[PDB]
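Trainee: below: the sequence, then the experimentally determined structure.
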Amino acid sequence: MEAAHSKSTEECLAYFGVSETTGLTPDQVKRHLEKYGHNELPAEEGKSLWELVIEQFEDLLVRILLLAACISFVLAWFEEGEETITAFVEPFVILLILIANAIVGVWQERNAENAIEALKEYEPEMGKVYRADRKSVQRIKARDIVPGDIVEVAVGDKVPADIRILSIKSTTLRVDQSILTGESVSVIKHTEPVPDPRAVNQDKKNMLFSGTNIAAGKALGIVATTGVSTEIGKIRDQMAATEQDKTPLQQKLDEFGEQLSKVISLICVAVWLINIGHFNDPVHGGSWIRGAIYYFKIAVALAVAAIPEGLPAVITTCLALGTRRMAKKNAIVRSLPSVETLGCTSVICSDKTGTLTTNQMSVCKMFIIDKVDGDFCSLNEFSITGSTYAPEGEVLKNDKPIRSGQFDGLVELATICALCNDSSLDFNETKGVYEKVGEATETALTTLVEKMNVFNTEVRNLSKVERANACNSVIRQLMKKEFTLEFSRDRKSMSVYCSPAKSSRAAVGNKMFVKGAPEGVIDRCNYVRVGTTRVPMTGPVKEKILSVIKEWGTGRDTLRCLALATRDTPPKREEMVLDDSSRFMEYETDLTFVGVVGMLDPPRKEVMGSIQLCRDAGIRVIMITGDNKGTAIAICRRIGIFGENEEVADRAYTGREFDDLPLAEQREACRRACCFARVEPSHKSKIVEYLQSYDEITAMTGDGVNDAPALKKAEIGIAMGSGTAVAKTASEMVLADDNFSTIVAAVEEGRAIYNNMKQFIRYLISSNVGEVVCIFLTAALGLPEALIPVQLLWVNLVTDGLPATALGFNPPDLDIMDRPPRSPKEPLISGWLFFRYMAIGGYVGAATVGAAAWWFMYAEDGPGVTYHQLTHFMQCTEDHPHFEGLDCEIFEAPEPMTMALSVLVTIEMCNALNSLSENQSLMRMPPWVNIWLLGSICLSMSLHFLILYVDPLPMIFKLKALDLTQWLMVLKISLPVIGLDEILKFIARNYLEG
Ligand SMILES: C/C=C(/C)C(=O)O[C@@H]1C[C@H]2[C@@H]([C@H]1C)[C@@H]1OC(=O)[C@@](C)(O)[C@@]1(O)[C@@H](OC(=O)CCC)C[C@]2(C)OC(C)=O
Ligand SMILES: [Mg+2]
Ligand code: NA
């Protein structure tokens with residue numbers, strides 16, 4: 001393999017020692033295959049169904065539950081017999097939540113798609129080569145093609161390896177490498193070497209890239225690199241060497257797990273110490289075995305009370321909803337977990353042409369020389385109208401209408417436009433619009449022609465399909481297009497050789513019409529054309545031309561300028577080598593300037609507003625274009641990235657200036673830059689790394705397979721809905737309408753989603769805190785189980801999930817896009833907030849335990865234990881004589897439990913209202929603000945009545961409905977919650993740090 005683009009035609013055949021007429025020999029093929037390997041992109045992640053499920057049981061919180069479901073399965077099995085048929089219900093429900101939960105993880109994943117697998121498609125199944133054992137061409141599998149052997153490709157064929165072209169069999173060879181370079185039109189290939197050893201792929205005119213298509217022609221070539229060493233295999237290597245972090249929330253989740261693990265084990269050490277007097281008890285006492293069942297059975301209650309089981313459900317249904325909500329605004333979010341790391345974006349690098357602008361070119365101004373008398377000079381500037389490609393508009397000189405024929409300068413400018421142009425128009429009936437056929441800036445030229453019919457040829461007497469290429473084909477019949485010197489970035493221009501048509505145009509027949517960048521072609525102009533006559537380019541005339549070119553392309557117009565010229569007396573046809581673009585700049589010299597054409601790519605309207613919102617939201621926007629740095633900047637000023645008068649010396653670099661910088665200033669330029677002139681893929685990936693070294697959340701746009709490694713590296717890669725499918729699969733989101741204003745509409749929902757999603761998380765987390773306080777009082781004291789695991793699940797999954805998912809429908813703040821981007825290191829609960837849940841929890845923990853111990857003691861209808869030990873329920877059946885006058889089975893009564901479960905369920909609807917806002921009082925922000933919330937609270941309550949009054953339900957949850965007075969006890973305990981928090985909110989607002 002090797003950098004063949006520069007060597008030559010023989011230096012390559014020699015390097016490998018292979019004959020262009022024989023190919024590689026069977027022995028060579030064997031050795032080469034051993035040294036370079038097969039022509040493939042490496043294998044895949046052999047992730048097995050067994051490992052995928054094991055991945056499921058590696059979370060700390062999922063393991064903690066699995067252990068509990070076991071301890072609970074052993075209890076609800078052996079020790080505990082008869083008197084209960086529900087044993088196993090507890091272990092069974094926990095297992096469902098797990099195994100069922102793991103299905104989510106395995107389905108979710110099986111439907112996921114690898115960006116690196118998307119490339120595998122750009123590989124032809126087979127290829128055509130010339131081996132040294134058959135004169136006929138053989139057609140083997142692309143997999144066996146090797147560096148060095150002679151390959152043949154023709155139209156349709158998809159290039160099998162990176163090939164260095166030896167000789168073109170056809171008259172012309174056209175390749176389509178848009179996916180790998182971004183070039184829209186099929187490009188022309190050659191055989192002569194490219195001197196530069198560090199050329200970009202756009203300039204390796206003598207190379208075929210594995211993965212592209214042969215648009216036109218047939219040619220032979222020697223295979224340079226194979227498999228992973230090809231321009232596409234090198235991309236596969238960057239996307240694979242790259243590592244995806246994880247949405248900050250997923251990080252805060254690993255953090256919460258580690259903690260909710262340390263705390264749990266502490267709670268047991270604590271509970272154990274609180275009950276240390278037991279080491280001061282009778283050795284023969286008894287109940288020894290019952291005590292262990294109490295602690296083992298409270299361990300399962302502790303675990304299902306600490307972990308928020310409904311959450312994974314509430315979060316993914318909140319995202320899936322928003323997903324659909326964004327999709328109505330052309331933002332197709334692929335990865336859900338990524339909706340969070342969007343609200344946090346601080347920098348947005350967008351591509352210009354398709355996303356920032358319309359990419360719908362049109363000429364607005366023209367100008368030809370009118371007089372050149374010594375140092376005096378007068379131009380002839382025109383204005384044209386029409387923004388579509390539609391041949392409808394007029395040419396107005398000085399605001400005033402004009403007939404283009406009346407100017408001779410304008411007769412030529414119009415041919416150079418219709419002759420030096422590979423693109424045309426087309427009118428369809430389907431949508432009744434004029435559709436650009438070839439290129440955007442070329443089709444804009446044929447359109448210019450139609451609007452200024454210099455010959456005034458009749459046309460209103462024609463249809464619309466035809467009207468399209470009317471004035472153009474009349475000029476096509478006046479000159480005969482011999483050949484054409486294609487565009488190449490070296491000279492930045494193109495031309496066409498044209499001889500006349502008949503004796504009606506015999507005079508000075510052979511002409512050469514060239515159009516290119518102004519600086520370029522104007523240096524090669526020895527004359528100017530004033531009408532039908534001619535003069536020598538002189539200092540004054542040249543400065544008068546270059547200035548107007550500056551105003552047009554740097555002024556508020558931000559027009560892209562084209563200079564058109566002609567080579568009056570071209571070289572003899574025979575004296576031209578029409579197959580080596582290197583010499584092409586020699587044939588386009590000694591020109592006579594004819595005029596320049598200034599066109600415009602109108603920027604999408606809503607873009608100008610989107611840029612403004614980012615200014616307010618505190619997000620930095622970087623424009624990445626191709627325009628020279630002069631107009632690249634101008635475009636920034638027009639849209640808002642830069643101020644009309646704002647300085648831009650250190651905030652706008654070109655790909656070259658940036659490279660010339662030392663790693664230090666390079667990294668410093670990235671924290672202030674807002675526009676990058678001419679950059680390639682190399683650059684898009686470096687800027688991400690620098691933007692990342694400042695711990696920034698960056699968005700990046702792309703469409704080609706060459707944009708894949710950069711989209712994967714940016715926190716959120718935004719692929720174009722019209723770009724390749726490999727880009728889409730390496731991106732978090734896809735802009736259906738390639739509109740930049742769509743990104744900003746998506747950075748807003750992300751902030752909205754996360755704000756709501758932030759509330760319901762704090763909510764659910766706080767109720768878990770309360771259930772833990774309860775279980776911890778119940779055991780520290782010795783009291784009888786107030787709350788059972790089965791009940792807690794119902795609550796965490798259903799009765800709390802409903803008020804939880806409804807909080808996701810909260811009204812978005814009105815200043816969401818006036819605040820800076822959120823920091824990813826912002827914790828969900830800390831400072832004062834940590835203290836309110838610390839207090840609210842401590843409250844419900846008391847309310848639940850208490851409301852149960854109440855029905856025991858000061859209970860209008862139940863046992864009774866004013867101040868004595870109802871806590872020693874463990875030791876009674878045998879201690880009935882000692883303070884125990886009654887039945888030792890009341891301690892398994894349902895009333896106490898449904899007492900404490902009703903105080904939890906209601907203290908939860910209360911807390912769901914305190915959660916409509918972090919610090920806003922309920923008087924200032926009423927519950928009816930969110931209807932879904934109130935409506936879910938009802939469904940929760942009724943859902944609560946269901947498991948009390950039904951039949952199999954009250955039995956399996958161990959709950960017996962409670963009378964109307966016991967319900968009023970629940971309210972008198974619960975409701976005051978809304979007060980304890982209203983008071984805590986008042987604190988935060990008033991007395992405190994704002
Ligand atoms: C949950 C039940 C119990 C019994 C418990 O023990 O919760 C503990 C206390 C604390 C711990 C959480 C481990 C948690 O760990 C962290 O990472 C912190 C620093 O962020 C954290 O401090 C907060 O929770 C969070 O942010 C969660 C963000 C998703 C507050 C919390 C929960 O206390 C309070 C009062 O909410
Ligand atoms: Mg691209
Ligand atoms: Na990415």
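Mentor: Structure's in. What do you need? Numbers count the residues shown, from 1 in each chain. Ligands and ions are numbered 1, 2, ... in the order given.

Trainee: quick one, strands of the stretch 551-700 of the chain?
Mentor: 560-567, 591-599, 620-624, 675-676, 698-702 (DSSP state E, counting those that start in this stretch).

Trainee: which helix or strand contains the closest residue to residue 510 other than its chain neighbours?
Mentor: Of all residues not flanking residue 510 in the chain, residue 499 sits nearest, at 5.0 Å (CB to CB, 6 or more residues apart in numbering). C-betas here are computed from N, CA, C, even on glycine. Following DSSP states H and E, one finds residue 499 within strand 493-500.

Trainee: neighbouring contacts of that strand?
Mentor: Residues from elsewhere that reach strand 493-500 (CB atoms under 8 Å, 6 or more residues apart in numbering): 419-420, 478-488, 506-507, 509-517, 520-521, 567, 570, 573, 576, 584, 587-588.

Trainee: just the strands of the stretch 551-700 of the chain: most buried one?
Mentor: Ranked by mean neighbour count, the strands of the stretch 551-700 of the chain are led by strand 698-702 with a mean of 27 (mean count of other CB atoms under 10 Å).

Trainee: spell out which parts of this protein neighbour ligand 1.
Mentor: 252, 255-256, 259-260, 263, 306, 761, 765, 768-769, 772, 827-829, 834, 837-838, 841 (CB under 6 Å from any ligand atom).

Trainee: quick one, which of these are buried?
Mentor: The neighbour count (16 or more other CB atoms under 10 Å) marks 252, 256, 260, 306, 761, 765, 768, 769, 772, 829, 837, 841 as buried among those.

Trainee: list the contacts of the residue lying closest to the last one once chain neighbours are set aside.
Mentor: For residue 841, the nearest residue in space outside its immediate sequence neighbours is residue 769; the separation is 3.5 Å by CB to CB, 6+ apart. Listed by CB under 8 Å, 6+ apart, the contact partners of residue 769 are 837, 838, 840, 841.

Trainee: just the element for the last one, please.
Mentor: Using DSSP H and E, the secondary-structure element containing residue 841 is helix 831-856.

Trainee: next secondary structure element downstream of that helix?
Mentor: helix 894-913.

Trainee: and after that next one, which helix or strand comes next?
Mentor: Per DSSP H and E, the helix or strand that comes after helix 894-913 is helix 931-949.

Trainee: circling back to that earlier point, and the helix holding residue 841, what does it pack onto?
Mentor: helix 740-781, helix 894-913, helix 964-974, helix 977-989 (3 or more CB pairs under 8 Å, 6 or more residues apart in numbering; DSSP states H and E).

Trainee: hey, where'd the helices end up in the stretch 401-550 of the chain?
Mentor: 409-419, 440-450, 464-467, 470-476, 518-523, 539-554 (DSSP state H, counting those that start in this stretch).

Trainee: kindly reformat the ones you listed as TSV containing distance to ligand 3 and mean neighbour count.
Mentor: Formatted as TSV, the helices of the stretch 401-550 of the chain follow (distance: least, CB to the ion, whole Å; neighbours: other CB atoms under 10 Å):
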stretch	distance to ligand 3	mean neighbour count
helix 409-419	44	24
helix 440-450	30	24
helix 464-467	46	14
helix 470-476	46	19
helix 518-523	39	18
helix 539-554	35	16
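
Trainee: between those helices, which one is nearest to residue 133?
Mentor: helix 440-450 (47.4 Å; CB to CB).

Trainee: may I have the phi/psi pair for residue 370?
Mentor: Here is the backbone geometry of residue 370 (degrees, to the nearest 10): phi -110, psi -40.

Trainee: so it makes contact with residue 378?
Mentor: Yes. At 4.4 Å, residue 370 and residue 378 qualify as touching, with contact defined as CB atoms under 8 Å.

Trainee: so what's residue 730 closest to, chain neighbours aside?
Mentor: Per CB to CB, 6+ apart, closest to residue 730 is residue 115, 3.6 Å.

Trainee: ugh, typo on my part, it should be residue 622
Mentor: residue 349 (4.4 Å).

Trainee: pretty sure the one you found contacts residue 700?
Mentor: Yes. Contact status for residue 349 versus residue 700: in contact at 5.0 Å, counting by CB under 8 Å.

Trainee: overlap in contacts, these two.
Mentor: Common contacts of residue 349 and residue 700, defined by CB under 8 Å, 6+ apart, comprise 684, 714.
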